[PDB]
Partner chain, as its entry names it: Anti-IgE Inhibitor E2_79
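Next up: a single chain in structure tokens, the form deposited without the partner chain.
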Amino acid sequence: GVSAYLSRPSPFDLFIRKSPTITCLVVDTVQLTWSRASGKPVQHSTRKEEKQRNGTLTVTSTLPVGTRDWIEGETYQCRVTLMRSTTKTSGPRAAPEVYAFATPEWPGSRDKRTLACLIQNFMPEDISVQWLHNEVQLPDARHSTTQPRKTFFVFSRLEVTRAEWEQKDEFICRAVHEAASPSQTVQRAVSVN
């Protein structure tokens, strides 16, 4: 009934911002407790609480973790009152392949165009996908990325309006991956016309 998940830091937050966070998610007052397997101190975590439209209550705790602490292999635990653990992914690494496409205009969509990005063949599954226009990152809510499925690959989708591509007809799909070289960034550009 009451599910619990614990995610790893975003690759964009972990390698670029150097501000990694892990998130413990509880899906139906429950209490969440952070703890480290080493015993070292956990930082103060932010806790959020939101009632969903299906009557579900969702509790999310976001814990800041040390960048070196995460890469050194620390194991963090989330205790709900069921306990979850998260640690870095081991295993082989591989850079991602990025391809960006632009749809032709649908018979109706004369002033809106859809951009798609395929990122595939990367290891492990942890990846961040971003869309940029004029070197400024777009709001995350404007694009929708699938979770990685084993061949790992993700698809990203971004609808752009006529005002944007007429301002500049160039949109960058950027993948931030642990195995991406040389700046943990592999990106592609695409144009509407």
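Residue numbers count along the first chain shown, from 1.
There is another form of this protein, the form deposited with the partner chain bound, and it is not shown here; the text below is about that form.
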query = Though only this chain appears here, would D69 touch the partner chain in the deposited bound form if you measure heavy atom gaps against 4.5 Å?
reply = yes
task = Evaluate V27 for contact with the partner chain in the deposited bound form, applying a 4.5 angstroms cut-off between non-hydrogen atoms, and reply yes or no.
result = no
ask   = What residues of 73 to 90, in sequence order, lie within 4.5 Å of the partner chain in the deposited bound form by heavy atom?
value = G73, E74, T75, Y76, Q77, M83, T87, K88, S90
